[PDB]
Amino acid sequence: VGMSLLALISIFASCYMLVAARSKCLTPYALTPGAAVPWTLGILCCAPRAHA
Amino acid sequence: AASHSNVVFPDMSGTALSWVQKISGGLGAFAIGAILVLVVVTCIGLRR
C-alpha cells in the first residue's frame, strides 16, 4: 500500500505540473487577438482545437 | 496404431507459415506506409 500510494502521488504531481507548464506557456496568447502558431499548437495541445 | 498424439498444425517458422508471414508482413507494411501518408497529408491540411 505504501509503495502504491507513493507511485500515485508521483504520477499525479507530475501530470499536474505538466498541465501547469502548459497553461503558463500558453497564457499570453489568450490575452491578444492573435494566432496560435500551429508549430506551438501541434507540440502543445490546447482546448481550442480549431477556433483561434 | 499411432505413437503420436495427432497434432498436425505446423510451426510458425515452418515453410507454409513462413510464407504466410512474409506475405502478411508485406501487406501490413503497405498499409502502414499508406496510413503515414494520409496522416502527413491531413496534418498539413489541418495546419493551414
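Those protein sequences? They're chains J and H, same order as listed. Just add 370 to the spot in the first sequence (first one is 1) and you have the deposited numbering. Just add 390 to the spot in the second sequence (first one is 1) and you have the deposited numbering. The C-beta atom is built at its ideal place from N, Cα and C for all residues, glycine as well.
is_contact[residue i, chain H] using C-beta, thresh 8 angstroms
i	result
J/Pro418	no
J/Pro398	no
Proximity of residue i and residue j at Cβ, strictly below 8 angstroms
i	j	result
J/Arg392	J/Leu411	no
H/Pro400	H/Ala392	no
J/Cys416	J/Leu388	no
Chain H residues whose Cβ lies nearer than 7 angstroms to that of residue i
i	result
J/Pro403	Those within 7 angstroms of J/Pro403 in chain H number zero; the least Cβ separation is about 20 angstroms.
Cβ distance (whole Å) where residue i is taken to contact residue j below 8 angstroms
i	j	result
J/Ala390	J/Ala406	Contact flag wrong, Cβ pair sits at about 19 angstroms.
J/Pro418	H/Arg437	With 8 angstroms as the limit, J/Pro418 and H/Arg437 do not qualify as a contact, their Cβ atoms being about 14 angstroms apart.
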